Amino acid sequence: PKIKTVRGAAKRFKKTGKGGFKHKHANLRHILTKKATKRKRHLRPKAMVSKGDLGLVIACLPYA
Amino acid sequence: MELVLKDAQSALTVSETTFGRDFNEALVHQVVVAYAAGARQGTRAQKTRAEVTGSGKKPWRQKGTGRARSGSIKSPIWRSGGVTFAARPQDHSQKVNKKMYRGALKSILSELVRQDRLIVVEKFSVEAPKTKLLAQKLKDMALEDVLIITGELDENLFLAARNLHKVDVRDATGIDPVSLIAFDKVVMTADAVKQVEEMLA
Amino acid sequence: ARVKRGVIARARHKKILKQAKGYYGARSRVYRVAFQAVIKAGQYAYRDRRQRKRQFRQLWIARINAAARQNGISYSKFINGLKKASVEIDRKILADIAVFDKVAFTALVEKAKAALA
Amino acid sequence: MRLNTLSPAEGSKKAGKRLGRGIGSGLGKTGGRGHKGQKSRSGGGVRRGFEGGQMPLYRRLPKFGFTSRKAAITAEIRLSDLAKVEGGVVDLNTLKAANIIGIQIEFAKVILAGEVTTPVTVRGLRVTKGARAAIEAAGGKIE
RNA sequence: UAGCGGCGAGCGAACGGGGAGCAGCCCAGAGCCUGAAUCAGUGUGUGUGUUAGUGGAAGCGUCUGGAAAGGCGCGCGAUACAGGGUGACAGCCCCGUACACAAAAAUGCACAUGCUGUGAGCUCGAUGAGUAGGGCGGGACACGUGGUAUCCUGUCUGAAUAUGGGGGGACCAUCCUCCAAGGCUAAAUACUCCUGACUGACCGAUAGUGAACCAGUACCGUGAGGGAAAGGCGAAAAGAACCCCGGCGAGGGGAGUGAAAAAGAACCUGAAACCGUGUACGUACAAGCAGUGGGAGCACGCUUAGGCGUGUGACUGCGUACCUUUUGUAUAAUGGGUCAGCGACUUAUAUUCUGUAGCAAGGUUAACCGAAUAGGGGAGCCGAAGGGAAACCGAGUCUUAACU
RNA sequence: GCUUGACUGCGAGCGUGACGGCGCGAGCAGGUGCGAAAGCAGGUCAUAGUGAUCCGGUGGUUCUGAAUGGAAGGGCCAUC
Ligand SMILES: [Mg+2]
Ligand SMILES: [Mg+2]
Ligand SMILES: [Mg+2]
Ligand SMILES: [Mg+2]
Ligand SMILES: [Mg+2]
Ligand SMILES: [Mg+2]
Ligand SMILES: [Mg+2]
Ligand SMILES: [Mg+2]
Ligand SMILES: [Mg+2]
Ligand SMILES: [Mg+2]
Ligand SMILES: [Mg+2]
Ligand SMILES: [Mg+2]
Ligand SMILES: [Mg+2]
Ligand SMILES: [Mg+2]
Ligand SMILES: [Mg+2]
Ligand SMILES: [Mg+2]
Ligand SMILES: [Mg+2]
Ligand SMILES: [Mg+2]
Ligand SMILES: [Mg+2]
Ligand SMILES: [Mg+2]
Ligand SMILES: [Mg+2]
Ligand SMILES: [Mg+2]
Ligand SMILES: [Mg+2]
Ligand SMILES: [Mg+2]
């Protein structure tokens, strides 16, 4: 049968032009008063998935 | 390209793309193999450990007897009942790209011309549906194993050739790769040549 | 396409049993035992192609020692003398001469003694 | 050229691994699975994304965004496609007739990809600044 | 894919598009009308099919052999060289096959007619209430109560009624679209206990059905139930008259049959484990994975020896099986009494990479149609553009009031 | 003594982690405090003082809004 997509992964990763995946940074949901503005500012933009983790992401998203 | 007619001693202008191209062995091989695969009737089956007739009773208790542990009388290790990976009916057909199929035919036809196996005639017919009549005609033309391709399938010719094992009569739309290679000689009528050109283009 | 294994299996077993002829009891009769014996035998033979060379040199040396002492010199000194006299005859040949041509062996000893002097 | 003379091209047909068929093969006994463990068992192995019990990457990271639904019915047209409409007037209907976009497409935009060398009249389609220059340079009109 | 989801494991549409097949009607009623189609049954007459059948071509000589269909040499038939049998492999020996024909009687189907139940058409009406909807509790919808439309109803309620009502995914307005609470309806679709024909890169007696054989039997169980083993003389029984030993035995030796009886019914071929008889060599003062390296003597062949060949092997160096599992096994750790047969990385569908082949900014069709591996079919799918959560912009775009 | 730089958007380049992450940072734009001025200030001598994701809550922002106009719900930013 057709491979099924891990739906949770599909809501967290988006494929880019050259084949990488972008994702949102963690640690920016709650408990924010104690965090410094510099730290929070650097977490706001989207980031790329590291080389070590690409294999896992690709397995979860066969139709990306 | 000019194909000399055997009976008329007159040339017939044909396309160089169809009758003069080089022989691609790898392409022809793939198409020939696919044709044989498409003839297979994959009708067979064996019984797995689930389909063998018998009960699901454990033959003896797990521990206590000095015997190897058993669970089913239908185990593939045991005599009578098993077949670990039992076969099921399957389809062996392969996909041949339309362009690859046509390209193979062009290679085959071109090679036949180089090997002087393609005989082109104006017309090929018998007066009556009599096998004896056809046999004599072929003997006059020094032919035995021959694939005769005609523009229009003549009923008399078809009937006269049924009992000749080494002779096959076909129409232009019926050519297939294996047949062109299998038969020693291929006889084509002028009309058939034209239809083949348009088909292959 | 079911494949029966009988013909091929028989041929393989007979091949091993043919090499086990002469062996004792089950070692020349039963395949399981014969296979182990045939493997072992080959392992010894590989080792012994090397050991054969060691044993024969040892034999030649012992014979040269005896023959030299009959002429009044030890093997160690005899070899040294031949080296100093630039004689390149090997031990296989020396042992052969010591047994078959005792006169020629005496001449070799004298040459060795002269070089040592 | 005979049925007992045809050969495949070199490299086209590789053999195939057959496990558990002796020492000489190189895949005998364990058959490439190593010794013991979950991964050596028949039907054994962990599911996709499993990293032990550590919270997996696809659950450690936050979800973001939403699906538009308007994007599904929007398409982009290259300058190369303009010459395939057969008629000289590029509309939503004509593009669909030429099998360039799709029956459900409702909005289309022409972008600077490829080149247009024929006067065309684009009607009812958004055009990028770059594409506009190219079309007008070729002698076309964007209505 | 959109969604659903301890947003975990998982579950998973629709709109729209391409095909196969297509067919619409009746009551809730009264006049004008009448049997108008049609359907059901029952006749009859046709056509065709089923259930027995009939005819059906053409060869001899010679060699080998127990036997010719084989070899060799000449002939002949073929709309028949599908298949089977015959003393070895037969187009022409036999049964068939292609092809051409046949039904007293029963029956299927298609028609044409006869009869019977039937009853069109037209005008004017009418338009399915404990129902729709609601509250409570459940269930079904891809949709787990969620912001949840829609469907069903156990319980309690309860409208409007063409000037009316339902739906368009909370809900309201507008617009569009349809008419519930009565009922019929062929085709395309699913399946095979059973009948006939044909086919197989399906099996060939531990395989294939459990069962090639008097098998759901023998046997086991109170019962439900469980459930075997077991095929082959020869072309033809020509299956061994008669004689001899023996208990008017068993068994055997002759004779005879046969191509063959060492094909004799415990019957094709007849492997291995295992058990014997005969011959050559070794062996009764010598200590252990039984071999391996050296090696005398003896026997038998060869050769005019010729340190050749084959068998045996006194004496001597070296030498603690195999598998598995382990840091590590002669291990007194596991497994195997032996032989023969069987016994474990497969198959389907998706997805990615490599090789190879075709075509190339393009590549390729699926279902389906079809004179069927051809050709048709481009519905789709992947690629040629990306950035952004998105609107959107686009060789750029996002971020920011704006970017060095 | 005077004050709010315990600023907002960014960030060359480094350090340290398997990863999720964490840390140091000149300089640039806007606005600010102190000082006559050069200048200094994006918390505290430095190194502990902490909790992913999901599911919700509150404020802002038409970015989205299942016939259409709204709305509900969702997204984005701040925060619990
Ligand atoms: Mg937030
Ligand atoms: Mg039970
Ligand atoms: Mg079986
Ligand atoms: Mg096709
Ligand atoms: Mg290895
Ligand atoms: Mg193991
Ligand atoms: Mg381990
Ligand atoms: Mg492992
Ligand atoms: Mg299309
Ligand atoms: Mg006949
Ligand atoms: Mg109604
Ligand atoms: Mg309703
Ligand atoms: Mg209700
Ligand atoms: Mg709506
Ligand atoms: Mg059986
Ligand atoms: Mg047998
Ligand atoms: Mg008797
Ligand atoms: Mg026998
Ligand atoms: Mg002893
Ligand atoms: Mg241990
Ligand atoms: Mg050891
Ligand atoms: Mg042991
Ligand atoms: Mg012991
Ligand atoms: Mg044991």
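In the text below, chain A, chain B and the rest are named by the order of the sequence lines, each starting its count at 1. Note: hydrogens, waters and symmetry copies are ignored here, and every other heavy atom, side chains too, is used.
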Checklist entry - Under a 3.5 Å rule for both distances, is E:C368 the Watson-Crick or G-U wobble partner of E:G49? => result no
Next on the checklist: From C-beta outward on C:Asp48, which listed nucleotide comes closest to its side chain: E:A348, E:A80, E:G293?
Outcome noted: E:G293
Checklist entry - Phosphate oxygens OP1/OP2 of E:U373: is one of them under 4.0 Å from a side-chain N or O of B:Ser93? => result no
Item to check | Sugar-phosphate only, base, or nothing, as touched by A:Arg39 at under 4.0 Å among non-hydrogen atoms | outcome: sugar-phosphate
Checklist entry - Using a cut-off of 4.0 Å on non-hydrogen atoms, how would the nucleic acid contact of A:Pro1 be classed: base, sugar-phosphate, or nothing? => result base
Item to check | For E:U347, pucker side given by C1'-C2'-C3'-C4' sign | outcome: north
Checklist entry - Is any side-chain N of the basic residue among D:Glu106 and D:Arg69 closer than 4.0 Å to the acidic one's carboxylate O? => result no
Checklist entry - Judged by atom type as modelled, is there a donor-acceptor pair below 3.5 Å linking the side chain of B:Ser110 to the main-chain atoms of B:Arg21? => result yes
Checklist entry - Just checking B:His29: base, sugar-phosphate only, or nothing, at a heavy-atom cut-off of under 4.0 Å? => result nothing
Next on the checklist: Side chain of B:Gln90 only, heavy atoms from C-beta on: which candidate in E:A9, E:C274, E:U347 is closest?
Outcome noted: E:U347
Checklist entry - Looking only at atom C1', what distance separates E:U338 and E:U320, rounded to whole Å? => result 25 Å
Checklist entry - With a 4.0 Å cut-off on heavy atoms, is B:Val52 in touch with a base, just the backbone sugar-phosphate, or nothing at all? => result sugar-phosphate
Item to check | Gap between atoms CG and P, on B:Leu159 and E:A100 respectively (whole Å) | outcome: 11 Å
Checklist entry - What interatomic distance, in whole Å, is found between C1' of E:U269 and the corresponding atom of E:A263? => result 11 Å
Checklist entry - Just checking C:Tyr31: base, sugar-phosphate only, or nothing, at a heavy-atom cut-off of under 4.0 Å? => result sugar-phosphate
Checklist entry - With sugar-phosphate meaning primed atoms plus P, OP1 and OP2, does D:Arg60 contact a base, only sugar-phosphate, or nothing at under 4.0 Å between heavy atoms? => result base
Checklist entry - Hey, does C:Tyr23 reach any base, or is it just sugar-phosphate, or nothing, if we go heavy atoms under 4.0 Å? => result sugar-phosphate
Item to check | Sugar-phosphate, base or nothing in reach of A:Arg7, heavy atoms under 4.0 Å | outcome: base
Checklist entry - So, do E:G29 and E:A30 stack if we ask for centres under 5.5 Å and planes under 30°? => result yes
Checklist entry - If you look at every strand shown and take non-hydrogen atoms under 4.0 Å, does D:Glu76 touch a base, only sugar-phosphate, or nothing? => result base
Checklist entry - Syn or anti for E:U304, taking syn as within 90° of 0? => result syn
Item to check | Nearest-neighbour nucleotide for the D:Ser12 side chain, E:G355, E:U292, E:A390 considered | outcome: E:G355
Item to check | Nearest-Å distance for atom pair CZ/P, residues C:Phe35 and E:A321 | outcome: 16 Å
Checklist entry - Any ion pair linking C:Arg50 and C:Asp48 (charged N to carboxylate O, less than 4.0 Å)? => result no
Next on the checklist: Does B:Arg40 reach a base, just sugar-phosphate, or nothing at all? Heavy atoms under 4.0 Å.
Outcome noted: base
Checklist entry - Between E:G355 and E:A389, how far is it from one P atom to the other, in whole Å? => result 37 Å
Checklist entry - Taking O4'-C1'-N9-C4 for purines and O4'-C1'-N1-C2 for pyrimidines, is E:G311 syn (within 90° of 0) or anti? => result anti
Checklist outcome for this item: Of the listed F:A18, E:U346, E:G378, the closest approach to the D:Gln54 side chain comes from F:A18
Next on the checklist: At 4.0 Å (heavy atoms only), tell me whether A:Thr16 reaches a base, stays on the sugar-phosphate, or touches nothing.
Outcome noted: sugar-phosphate
Next on the checklist: Any base atoms under 4.0 Å from A:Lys2, or only sugar-phosphate, or nothing? Heavy atoms, all strands.
Outcome noted: sugar-phosphate
Next on the checklist: Considering every strand and a 4.0 Å limit on heavy-atom distances, what is the contact class for C:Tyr46: base, sugar-phosphate, or nothing?
Outcome noted: nothing
Next on the checklist: Using whole Å, what does the distance between atom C1' of nucleotide E:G319 and atom CZ of C:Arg50 come to?
Outcome noted: 16 Å
Next on the checklist: With the 90 degree cut-off around zero defining syn, does E:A162 come out syn or anti?
Outcome noted: syn
Item to check | Syn or anti for E:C194 (syn when the glycosidic angle lies within 90° of 0) | outcome: anti
Item to check | Furanose pucker, E:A69, classified by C1'-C2'-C3'-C4' | outcome: south
Checklist outcome for this item: The nucleotide from E:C318, E:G394, E:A201 with an atom nearest the side chain of C:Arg47 is E:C318
Checklist entry - Hey, is B:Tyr35 stacking on E:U373? Ring centres under 5.5 Å, planes under 30°. => result yes
Next on the checklist: Any salt bridge linking D:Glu76 with D:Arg126? Criterion: basic side-chain nitrogen under 4.0 Å from a carboxylate oxygen.
Outcome noted: no
Item to check | Ionic contact status for B:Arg170 with B:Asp176, cut-off 4.0 Å | outcome: yes
Checklist entry - Taking a pair to be Watson-Crick (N1-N3 plus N6-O4 or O6-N4) or G-U wobble (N1-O2 and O6-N3), each under 3.5 Å, are F:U8 and F:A29 paired? => result yes
Checklist outcome for this item: Expect the sugar of E:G247, by the sign of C1'-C2'-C3'-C4' with positive north and negative south, to be south
Item to check | N-glycosidic conformation, E:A290 - syn within 90 degrees of 0, else anti | outcome: syn
Item to check | A:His30 vs F:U79: side-chain N/O to OP1/OP2 distance below 4.0 Å | outcome: no
Checklist entry - How is A:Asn27 classified with respect to the nucleic acid when contacts are heavy atoms under 4.0 Å: base, sugar-phosphate, or nothing? => result sugar-phosphate
Checklist outcome for this item: Expected label for E:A23, using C1'-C2'-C3'-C4' where a positive value gives north and a negative one south, is south
Item to check | Closest nucleotide among E:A78, E:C359, E:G388 to the B:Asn163 side chain | outcome: E:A78
Checklist outcome for this item: Closest of E:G204, F:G11, E:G378 to the C:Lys4 side chain is E:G204
Next on the checklist: By nearest heavy atom, map A:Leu32 and D:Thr67 onto RNA chain F; which one lands nearer the 5' end?
Outcome noted: D:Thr67
